[PDB]
Ligand SMILES: Cn1c2c(c(=O)n(Cc3ccc(Cl)cc3)c1=O)CN(Cc1cccc(C#N)c1)CC2
Ligand SMILES: Cn1c2c(c(=O)n(Cc3ccc(Cl)cc3)c1=O)CN(Cc1cccc(C#N)c1)CC2
Ligand SMILES: Cn1c2c(c(=O)n(Cc3ccc(Cl)cc3)c1=O)CN(Cc1cccc(C#N)c1)CC2
Ligand SMILES: Cn1c2c(c(=O)n(Cc3ccc(Cl)cc3)c1=O)CN(Cc1cccc(C#N)c1)CC2
Ligand SMILES: Cn1c2c(c(=O)n(Cc3ccc(Cl)cc3)c1=O)CN(Cc1cccc(C#N)c1)CC2
Ligand SMILES: Cn1c2c(c(=O)n(Cc3ccc(Cl)cc3)c1=O)CN(Cc1cccc(C#N)c1)CC2
Ligand SMILES: Cn1c2c(c(=O)n(Cc3ccc(Cl)cc3)c1=O)CN(Cc1cccc(C#N)c1)CC2
Ligand SMILES: Cn1c2c(c(=O)n(Cc3ccc(Cl)cc3)c1=O)CN(Cc1cccc(C#N)c1)CC2
Ligand SMILES: Cn1c2c(c(=O)n(Cc3ccc(Cl)cc3)c1=O)CN(Cc1cccc(C#N)c1)CC2
């Protein structure tokens, strides 16, 4: 059960509602059209509190529906707030894409995270390759890698260390403690 | 369901949180990781110097989710007292040993096992990669050499709190509060 | 449905029991029941480390590791603990009952008490770990009943139950009582 | 949906019943039903150590030890206990029914009462043969106690697989009154 | 119950196979493929010039399972008469159009579809490889262009036996013999 | 229904295939599939210690140890083994495919071949991490053995999550011929 | 589908294996697999109490009591027994493999052999019965491998597998071979 | 499925029956009772003097069905050799002890338990009635006193073939044929 | 699996078909409309082999459908052959009725059997009491007890020993060995 915390005059929120107070948005678990709705709702709300106050996106996800992930991505690029993305636990498939789509220089990962841009395996065939050529362009955009490099990197069924993903362009800093 | 205590009224688990106590009950997954990390960061923003007591009674769980909780432990600046009740096995023993040195406790009749019992389908080198991270993290907080960790992590057996204290997993074995 | 009692304030009846320092160990024992009991044990202790807690037990048993944690917390906390057996107390339930403060372990007249372990852990475990559990149970039963290891070992082999009078004679119980004295 | 009434405060209809010192024993009796009923019994005793408690039984039976825990709590508390039988009180339902205070064990006209124990579950774990009859002789004693019938009469009656009318349940010692009106 | 027909006695389907008939019925998988191939190779052993008849009433199935049947049809030397009963969609019509030219028949009420309704989970490039193979096999046997194949194969509709003859899936539409 | 043919005797079509020294490896490879195939392999060897055996593979993979038992039996027997790939030979399917006798490892044109091991079940019991790679290096060795590729090349190729055409599978050392006709 | 081979007579391929005195211990081991193996062991013995029987093993394990019965029958019958490990031989499967006639226990090159018991009986059993099983396994492994109780006890704690060469060195196997010699 | 032996051809279980061998494999119910009794009466009509070998590897079963097989044993006039392999518990140990005296065998590593582990819903006195029949039958074939049976039938434990031979359940403990 | 036995020129039957050769009919397990069909088929067949050669009915049953049991009973009274009924294991509810409906003086039970004429507990109420008043009359017919005695005996949820059932009229002899 989700616990309750008390603020200070006095009011009490559940601890997850309290992270949204600190402009923290959690992207935990697999991604579908409901996670997309919840995340977009919180991303458009925190922009209403301030257009320039940064938002923090915690990503601990194995992937999910591609269109639902693109939906969260398109809302990320839309809003004006900078977004600090934090990779904790793992970020694979659609998860690493939201991770790599943070504001340049604010994409982080904790030391022991695992990062994967390879996509683990009904619509027609050409619509699936349409999706991948989009993911090829987004990953290239934010990593600053070429379409050649992104295509072959997504072929390798394997994970990256935080240091690997940083020197690939996925994230920017690998923190251990607050600076 | 949960009883209600009166101080304003919380339930007994929100009241536990008001005492800076974080429970790690049973199997560990991404939801347990999300809920524990949320309390961990909440407890630090209230005070980065007051310790955080973390109760562990778990048979293990998803390795990444456990590593997620481990890194949040290492991130936050508070002293952290880890407590082992009932058992702490697999990912549970790692969080148990990841407490602040000199503050890792266990109750007398509990059990501790670092043998990893055998979120998506994973290739062979990544399971070896994750097994290697557990090797490093265990050898670091137990001060044991790496060759001693891999051998011990392989005997499919449990340790008594006395045994686990000799190994360097925990520090005190308390029957009552001294 | 859990009813409401109004005292002013309005609790559900189980919350109101905690206002009288009563902790119910009902049904089988898993880690959820363990975590719930320990939460009320550590909470009631901070309300008063010397006011006695009352532990109603009506249980067939449960996970050994989840049960030993409850026992270890009972030995930890400073409060004296009155155990009460209604209905039954079998497997690990009797171990909690026998582990009350000496002289404060009770049972209602028509209860059934068994220390024989039927059939235990959240994970499948090796044969030597199953018996390490059993030898820990032997030590706890010998400690609180003041019986020998020879007697505890052969008593748990009897796939039978004990009357509240037999259990009092064996050492699990102190006072079988039918009315408030 | 459980209705909500208003007495100012507003409970549900069942919390409103408990405020009248009424404890329902509806349906099969298990461990959770036992601790639920027992909690109300000790609560209503703390509010008054001699004000009567009314206990509605419409039960087909259930776990014997769970019902024995309820029976032992009735025997524990000081209050007069007014047991009422509507619909039916079979198996352990009739044990609590007879376990009321002598004089105020009631029933409504069109109910049925059975002391024959149908072969809810019998025990909370599958038990040995000698344990099954240890309970049965415990039931034999508790029945013969509140009926003032001989153990030879309880044993034969519990063998016959049949219900009893409220008037039969009266002439046997199970209950005291068969009311139609107040 | 599969009935018996008669100095010997086979089940009715075993009787059909001595007439050199092969029934591709229902969905197509590796079991259907392994059963059809064992019959295609056996019948060629009896004679590599005697024709073989393939009754097809199929809604489709696994691509690699179907391509194995098609690959075996190309391997064996016998002329192959594909017959379309009820329906032939997805891999079923590709088997139908793979018969010997001039010997691909259809009953007058059948429905044919080359559009593919949307063993291991696989990448997006492997599905497109599959599609390019179904593109080239259709283009090979319907003497149509890859523009005409790719375009028509992505309209979600059925053809009539006369329509399928216009396109090049089959050659003949019999009403009686 | 499995058809019945007539050669006088009359088998089913699959027993008729076995009388042609043809052993099918259809679909996923498990323990029962292994002992079934191995039994045919040793049988066809006793009938003739040097007459070739034809082995049809249309398999997506399966239990590694089960396929390793089949691979070890091919290595055991004396006969030339003619492996054929129709449809696909993924995971351990391509291991047996490459495990044919050098020279007579064939494929049909429209097949696919994958050596990347998809993450049937991997092992017959859930095993430790070091055991999972002990199998993987065993696969690395067996692949590089029959392809005469370096272990560095096998490791990179098995990492890429993709199939290979028969012509790719030829230029890599997996098979020898890509037949369209006899 | 089990094919047919025609010899004249026509058997299914598994029946034809028995004509060559081959007994397949495939898959997990329950009492059905035990009763089937023992039937072919007692039958092949009456055909010739001295012609060797061949025991193909590819098993992850199974019921301990069902497995020990197969072992006891192997020790009973007069025939020498060649054991063969293909694929794997884990838990009780390796115990049958190690219990071949000394000098006639084989394994193909790519097999995996484990004596560590994972996680056993048709009924839930007490902790002392689980270890009595384990101490019987210790005696059988020490007997056939000629290793000591100290080594068998610590080897079964290693949750790992053995190569056919390690198992030959440990005492479970005699001859790893890749071709007919 | 069952292999086929050639002598005419049976399967290996009909071939076992041709050797006057009756299997009692696994749990005992009315179908196992019907099949075993059918072979028992069939074997007697072929010869009421040639012995009948009965293999027991069972965890118990329905008490009535086991009593059904017990009474058919006592009915037929043949000598009966009972064999315990793997285990013989609950109803299984009764049939094991119900063999012809001096001909009850067990293989070395098997287990034997008379503790009855705890066809329609049954009242309390009938379960006591059935428990009493097991008491009498055990005390009769083990020559043990009744008070010794009820105590032993209650320790939730197994006996080694040596133990069960001391108790009087079986007679010989053979490792090979002597 | 049902084993095979060989007769003697030579032919092989399954062991259950071989008991029908010896005019043995098994009534094992619960009774429904299929057991009734099988038993009536074998009872009418053995009468075709001989009108006077006795038939043997083995009964090891807990009960079953009342109408399906009456069906087996009505065929029993119809055929001319005497019927030796043997109670092995148990005979409760409809099972004890077929047991009690054998030829007078040929109803047996082995020593350790359990016998129950009490009926363990969709049609209208009056059709159920119609059924019981039939079972009251059949049990009275063959036991030679009165309707008073049968009604109260079926009230007691309990079993009878073979010696009890013999001295009640249910069976005639309790054998231990062949005479
Ligand atoms: C009416 N409206 C609209 C937008 C907005 O941002 N706000 C301010 C707002 C929003 C939520 C809250 Cl809780 C408080 C204040 C507003 O009021 C933005 N929409 C465009 C848009 C852009 C990106 C993603 C989605 C989705 N899916 C939709 C247009 C309408
Ligand atoms: C915005 N923000 C951020 C952090 C923080 O600690 N606090 C103070 C705070 C936190 C919770 C509450 Cl309820 C009240 C106050 C805050 O406000 C820490 N993040 C970094 C971080 C560190 C370790 C694990 C994860 C994960 N997964 C993320 C960065 C953002
Ligand atoms: C921080 N802390 C700690 C303890 C305590 O008793 N209290 C007072 C308290 C507790 C709950 C509440 Cl609701 C209100 C006040 C506290 O505040 C006791 N812990 C050790 C311990 C002892 C026995 C069992 C377990 C478990 N599992 C853990 C150490 C930390
Ligand atoms: C601490 N305590 C105790 C009792 C009591 O009656 N009251 C007053 C009370 C009770 C409930 C509430 Cl809601 C409010 C006030 C109290 O405060 C009675 N226990 C003995 C007992 C008797 C019968 C059944 C069980 C069970 N199972 C237990 C002993 C403890
Ligand atoms: C040994 N052998 C072989 C073949 C053959 O056609 N015949 C004659 C034969 C076949 C079946 C039967 Cl029942 C009787 C006679 C033969 O004897 C053809 N194989 C290659 C092949 C070709 C097309 C598809 C697959 C598949 N999948 C496999 C090679 C071996
Ligand atoms: C007794 N025996 C043995 C073998 C053999 O090949 N043959 C001839 C034979 C085989 C099957 C049939 Cl149907 C007819 C004749 C024989 O008779 C081969 N075994 C060694 C072996 C080799 C490869 C895999 C396994 C497995 N798993 C086992 C040894 C025994
Ligand atoms: C009657 N009898 C008996 C035995 C025997 O070996 N044979 C020869 C025989 C067996 C099967 C077949 Cl198909 C053909 C001939 C025989 O005839 C061996 N039994 C003792 C025994 C030994 C080892 C395991 C078990 C088990 N479980 C049982 C005693 C009886
Ligand atoms: C007709 N009849 C009868 C019996 C007999 O033994 N035989 C010879 C026979 C039996 C089976 C076969 Cl395959 C071949 C020949 C026979 O022919 C034995 N019954 C008495 C009985 C004894 C013990 C258990 C049950 C049961 N349940 C029944 C009486 C009838
Ligand atoms: C045509 N017919 C009829 C009967 C008969 O007994 N037999 C001789 C026969 C029967 C079966 C076989 Cl295998 C061999 C020979 C015959 O031929 C008896 N039916 C009356 C009847 C009596 C009792 C129960 C049922 C039922 N349900 C039916 C009338 C018809």
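Chain H is numbered as in Swiss-Prot; shown residues: 58-64, 71-181, 190-249, in order.
Placement of Cβ uses the backbone N, Cα and C atoms for every residue, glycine included.
Record features (Swiss-Prot):
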{"type": "ACT_SITE", "residues": "H:153", "note": "active site, nucleophile"}
{"type": "ACT_SITE", "residues": "H:178", "note": "active site"}
{"type": "MOD_RES", "residues": "H:200", "note": "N6-succinyllysine"}
{"type": "MOD_RES", "residues": "H:211", "note": "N6-acetyllysine"}
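The number of other Cβ atoms within 10 Å of the Cβ belonging to the residue listed as 'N6-acetyllysine', over all protein chains shown, comes to 13.
Of all Cβ atoms in the protein chains displayed, 16 besides its own lie within 10 Å of the Cβ of residue H:200 (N6-succinyllysine). Closest to residue H:178 (active site) by Cα-Cα distance, out of the recorded positions H:153, H:200, H:211, is H:153. Its own atom aside, the Cβ of residue H:153 (active site, nucleophile) has 23 Cβ atoms within 10 angstroms in the protein chains shown. Listed recorded positions: H:153, H:178, H:200. Those with a CB under 8 Å from a CB in chain I, in sequence order: H:200. Between residue H:200 (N6-succinyllysine) and residue H:153 (active site, nucleophile), the C-alpha separation comes to 16 Å. According to DSSP, the residue listed as 'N6-acetyllysine' is assigned to a helical segment. For the residue listed as 'active site', the number of other Cβ atoms no farther than 10 Å from its own Cβ, over all displayed protein chains, is 21. Candidate recorded positions H:153, H:178, H:200, H:211 yield none lying near chain E, with Cβ-Cβ distance under 8 angstroms. The residue listed as 'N6-acetyllysine' sits 16 Å from residue H:153 (active site, nucleophile), taking the CA atoms of both as reference points. Checking the recorded positions H:153, H:178, H:200, H:211 against chain C with a Cβ-Cβ cut-off of under 8 Å leaves H:178.
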